Amino acid sequence: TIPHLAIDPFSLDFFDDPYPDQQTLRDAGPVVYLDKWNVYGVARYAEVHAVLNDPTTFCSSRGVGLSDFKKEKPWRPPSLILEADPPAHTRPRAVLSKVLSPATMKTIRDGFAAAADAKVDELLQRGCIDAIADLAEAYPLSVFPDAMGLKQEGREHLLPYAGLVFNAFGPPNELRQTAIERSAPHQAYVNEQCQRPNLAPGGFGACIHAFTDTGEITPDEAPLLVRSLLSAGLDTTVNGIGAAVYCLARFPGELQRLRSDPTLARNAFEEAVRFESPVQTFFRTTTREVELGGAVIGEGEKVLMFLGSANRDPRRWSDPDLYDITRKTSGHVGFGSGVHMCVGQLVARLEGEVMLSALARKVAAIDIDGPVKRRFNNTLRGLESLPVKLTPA
Ligand code: HEM
Ligand SMILES: O=C(O)c1ccc(F)cc1
Ligand SMILES: [Cl-]
């Protein structure tokens, strides 16, 4: 009753062009079985959304990667928020929510926006640039580590550590094995910067340590919550901003619409998150026998959610393969859905919005003028290099 597919959604060929295989997954049925890794898969919007919104049945405390924490030791101490279920999840979530709250965005917006404008001005002086290294990477690196309160020394560890983290959610393939093999120096840096004395005052990190006296978290919980922001807060935005630039580069009609109304910047980034889904996948583990779209999944089974596929499901979206900066994007799962829905989505949108705003006001055309190279990662979708010529407005 449940179709079995040999598709490896973590192979390089899949990363190179996932969309045909994603339609195959959606159309095979609401619940598939991936023989390659012995996990269930859900690729339609309806089933992804249902699984995300039943944390009791599809839990996260046994890991949101392939590995089942009840069977294997996690490669690092479990995340106190990502890899926790209610009620243990509730109070750590509340703290990060306040640390990254609407009121906090107001304190950093002017600095984030100034840095966004300043980078686009700098890029326009060079003309031909790499929209990944020189923009998608350089901008988040110029605002986020500082907003965290990190010292200058050792920041080169941040992107490699993040790549390690997202590769580690994947199966024990060469991408994962090789990342873990090189991890030691990056883990040492990150763990050390999570200690209270190493986080500058007023930053995200210090604000986390400052919440240890409310009874929501204890002092020994703060370092791991800082580790969460250093895991999830940088590499995701690099791929989100790179996706937006890529879309604008591929769809000049939409760059022209954005230039004509720069207040479309925030939705243009949201549509970019739906269209490329930088975070492609996450796992859950069944805590009991469950019926999901006619399939009977037993207890203790891994369920792979195709977030990027759900965001392109024609059962949910009109013209899903078209980048539309005026699309009503509410409901996309690029940030997840439910109790675990990205707690840092206000930071991501702020970064994305003020960068697209700078582009909308300062750039007339974005033309690819070099070989595009993809960056392969078991969980993240994005580009290694995106040579573009920026024409000033
Ligand atoms: C384009 C940018 C981003 C994308 C696409 C993204 C994606 C996601 C997704 C899909 C989840 C759900 C995980 C799950 O359901 O198991 C999530 C959770 C999370 N994100 Fe983001 N993220 C982004 C940026 C950020 C930023 C900027 C931060 C912090 C500054 C952050 C921190 C977190 C944390 C801590 C969680 C765990 C929340 C929880 O378990 O309750 N992310 N993110
Ligand atoms: O360490 C965490 O808590 C975390 C890591 C990755 C991610 F996408 C979200 C949260
Ligand atoms: Cl670590």
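Residues numbered from 1 in each chain as written, not as in the entry; some residues may be left out. Chains lettered and ligands numbered in written order. Heavy atoms only, no water.

For this coordinate set, the PDB header names X-ray crystallography as the determination method and states a resolution of 1.8390 Å.

## A closer look at the coordination of the iron atom of ligand 1
Rules: In this description, a donor is an N, O or S atom within 2.8 Å of the metal centre, a cutoff extended to 3.2 Å for sodium, potassium and calcium. Water is not part of the atom list, which can make sites seem incomplete. Secondary structure is summarised from DSSP: a helix means a run of H or I of at least four residues, a strand means a run of E of at least two, and numbering begins at the N terminus for each.
Counting protein donors to the iron atom of ligand 1 gives just one, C342 (SG), placed at 2.3 Å. Following the sequence through the fold, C342 ends up in the loop between α15 (307-310) and α16 (345-362).

## Remarks on empty space enclosed by the protein
Short version of the rule: Two kinds of site are reported from a 1 Å grid over the protein atoms alone, namely cavities, where a 1.4 Å probe fits but cannot get out, and pockets, open sets with protein on both sides within 12 Å along at least five of seven lines, and residues are called lining when an atom falls within 4 Å of a point. Grid points are joined across faces, edges and corners, and a volume is the space filled by probe spheres set on the points. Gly is placed with the polar residues, together with every amino acid not listed as nonpolar (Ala, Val, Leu, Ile, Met, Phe, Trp, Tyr, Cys and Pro) or charged (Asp, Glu, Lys and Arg).
Counting across every chain of the model gives four cavities of 30 Å³ or more. The wall of the largest cavity is formed by 42 residues, among which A232, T236, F282, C342 and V343 lie closest to the centre. Mapped onto the lining of the largest cavity, the elements with two or more residues apiece are α4 (90-99), α7 (158-168), α11 (222-232), α12 (235-250), α14 (265-276), β6 (281-286) and α16. No other element matches α11, which puts five residues into the lining of the largest cavity. Taken together, the residues of the lining of the largest cavity break down into 25 nonpolar, 13 polar and four charged. In terms of lining, the second largest cavity is formed by 17 residues, of which the most central are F15, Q280, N377, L380 and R381. Mapped onto the lining of the second largest cavity, the elements with two or more residues apiece are α1 (12-16) and β11 (373-375). Considering only residue class, the lining of the second largest cavity consists of seven nonpolar, seven polar and three charged.

## A word on the pattern of salt bridges
We apply this condition: Salt bridge criterion: a side-chain nitrogen from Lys or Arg within 4 Å of a carboxyl oxygen from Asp or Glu. The classification of residues rests on relative accessible area computed with a 1.4 Å probe and restricted to protein chains. Under 20% of the type maximum is buried, over 50% is exposed, and intermediate values are partly exposed.
Applying the stated rule across the entire model yields 23 salt bridges. Where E299 meets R62, a salt bridge forms, and the shortest distance between an N and an O atom there is 3.1 Å. Of the two residues, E299 is situated in the loop between β8 (295-297) and β9 (302-306) and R62 in the loop between β4 (58-59) and α4; the sequence distance between them amounts to 237 residues. The partly exposed category is assigned to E299, whose relative accessible area is 41%. Judged by relative accessible area, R62 falls into the buried class, the value being 11%.

## What to know about the layout of surface pockets
In this structure, the largest pocket encloses a volume near 340 Å³. Taken together, 20 residues form the lining of the largest pocket, with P160, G163, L164, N167 and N377 sitting closest to its centre. Mapped by element, the contributors of at least two residues to the lining of the largest pocket are α7, α8 (174-181), α12 and β12 (382-385). Among the elements that take part in the lining of the largest pocket, α7 stands out by supplying five residues, more than any other. Across the lining of the largest pocket, the residue classes tally to seven nonpolar, seven polar and six charged. Computed from the structure, the second largest pocket encloses a volume of approximately 250 Å³. Lining the second largest pocket we find 16 residues, and of these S67, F69, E72, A168 and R176 sit closest to its centre. Here the lining of the second largest pocket is built from residues that sort into eight nonpolar, three polar and five charged.

## A closer look at the sheet that holds β4
Counted only if it meets this: Pairing between strands requires that DSSP locate at least two bridges from one strand to the other.
Strand order in the open sheet formed by six strands is β1-β2-β3-β9-β6-β4, with mixed pairing between adjacent strands. Every other strand in the sheet has two partners, leaving β1 (4-5) and β4 as the edge strands with one partner each. Relative to β9, strand β3 (residues 39-42) runs parallel, the two sharing three bridges. Along β9, the bridge assignment pairs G41 with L304.

## A short note on the UniProt feature "binding site: heme b" (unreviewed entry) in the protein
Formally: UniProt positions are given in the numbering used here, feature names are shortened, and annotations may be inferred rather than shown by experiment. Here, two residues are considered to be in contact whenever any of their heavy atoms come within 4.5 Å of each other.
Here, UniProt's "binding site: heme b" (unreviewed entry) annotation points to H89, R93, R284, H340 and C342. The subset of these annotated residues that lines the largest cavity comprises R93, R284, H340 and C342. Checked against the element boundaries, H89 lands in the loop between β4 and α4. Residues within four places of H89 in sequence aside, it is in contact with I81, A84, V339 and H340. Take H340: it is sitting in the loop between α15 and α16. Relative accessible area serves as the criterion here: at 16%, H340 is assigned to the buried category.

## Focus: the packing of helix α5 (residues 102-126) against helix α6 (residues 131-148)
For clarity, the cut-off: Fitting a line to C-alpha atoms yields each axis, with helices limited to the stretch in contact; the angle taken between N-to-C directions then spans 0 to 180 degrees. For this classification, under 35 degrees means roughly parallel, over 145 means roughly antiparallel, 65 to 115 means roughly perpendicular, and everything else is oblique. Each crossing gets its hand from how the near helix is turned against the far one by less than a right angle, where anticlockwise is left-handed and clockwise is right-handed.
Running from N to C, α5 and α6 point in directions that differ by 150 degrees, and their axes come no closer than 10 Å. Here α6 runs roughly antiparallel to α5, going by the angle between their axes. Along this stretch, α5 crosses α6, giving a crossing that reads as right-handed. On α6, the residues touching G111, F112, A115, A116, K119, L123 and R126 of α5 are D134, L135, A138, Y139, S142, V143 and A147. Looking at the contact of α5 with α6 residue by residue, the classes come out as nine nonpolar, two polar and three charged.

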